[PDB]
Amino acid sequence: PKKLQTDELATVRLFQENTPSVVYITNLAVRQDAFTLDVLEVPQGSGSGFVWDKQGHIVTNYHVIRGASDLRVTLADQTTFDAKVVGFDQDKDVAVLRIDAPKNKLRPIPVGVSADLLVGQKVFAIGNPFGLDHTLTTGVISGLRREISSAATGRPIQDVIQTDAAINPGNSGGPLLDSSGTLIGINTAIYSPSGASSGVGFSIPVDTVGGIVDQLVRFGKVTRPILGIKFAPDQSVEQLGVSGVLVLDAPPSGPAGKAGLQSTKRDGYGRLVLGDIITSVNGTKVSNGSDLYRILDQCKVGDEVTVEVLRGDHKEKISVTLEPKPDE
């Protein structure tokens, strides 16, 4: 060994201390034997995750787990285990797994704080892009409080972290650490016309992660509020000079339904009779989908939200009490 400089030494260390907490995740799919006609389990995906606690809980992106007839997590030392799906939140693309492993081979990553992050501080991403086990890439926090389309549901994910640390396919589910060797986010997606890292990557912030992992380990589900309306996307509403959100449907069996919000119908000659248009929700104004989403993201089941609509050419105000989203 040669004498390494301060800085690089700090990252060399940070990596050795934390790589043990990172794991490889395999999404095995069912395939047929061309002759045996029976089945064989065979990898259709690769991703990462980290150890959350001594009880064998593993965190990752839900999109990495989606559709796996079976999934196995490989730990640092290469010992591979079978994993049970503890639970998951599709909106924030967070998922929790559990494995039966000896507490000695489990390092839970030190949990940090994402609320105090500053653009410019250094970050460290560890994951498995292209199957390269426990790859380290470094960069900087490029941005904070970003909103990105979930695609895991389409619903927007608020408060996302942006980094220019190389993030490629296979990094999803792995950790983003700060200079303190602390977890600040889960690497989950990128913006790139090629599908290759283009220097713009996103991580779900640790703060929203920790809450979700708690709820997931306790109840195996996260309960989120709904208004009970299907609205028109910002696009197919563009050509109507529509200020806010056009409710297309408010099922009689949901919150806005029981609260009497009107849906969009048809003239009898076939013309469109616009349903209510949400222009504001208790205080905060709503000009499009993101605004609505963002605002409800702050509510909890049971809250009595006061929503303002633009009904037949005259304003309105309606109180709706948010109920949990129907299960399945």
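One rule holds for the numbers: they count along the sequence shown, beginning at 1.
J.: Per the record, averaged over C-alpha atoms, which has the higher B-factor: 198-206 or 221-229?
T.: Per the deposited B-factors, the answer is 221-229.
J.: With reference to the PDB entry, specify whether the mean Cα temperature factor is higher for 114-122 or for 240-248.
T.: The entry gives the higher C-alpha B-factor average to 240-248.
J.: Can you tell me which of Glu147, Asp100, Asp164, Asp178 has the highest Cα temperature factor in the record?
T.: The record points to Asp100.
J.: Per the PDB entry, which option out of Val64, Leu272, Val51, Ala259 has the greatest Cα B factor?
T.: Comparing C-alpha B-factors across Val64, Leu272, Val51, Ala259, the top value belongs to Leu272.
J.: Test of reading the entry: by CA B factor among the chain's modelled residues, which third contains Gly154?
T.: For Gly154, the deposited C-alpha B-factor lands in the highest third.
J.: Pull the Cα B-factor of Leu40 out of the PDB entry and bin it into the chain's lowest, middle or highest third.
T.: Ranked within chain, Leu40 CA B lands in the highest tercile.
J.: Would the CA B-factor of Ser253 place it in the lowest, middle or highest third of its chain?
T.: Within its chain, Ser253 is a middle-third residue by C-alpha B-factor, going by the deposited values.
J.: Would the CA B-factor of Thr80 place it in the lowest, middle or highest third of its chain?
T.: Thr80: CA B-factor falls in the highest third of its chain.
J.: Select lowest, middle or highest to describe the third in which the CA B-factor of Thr60 falls within its chain in this entry.
T.: Its C-alpha B-factor, which the entry lists for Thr60, ranks in the lowest third among residues of this chain.
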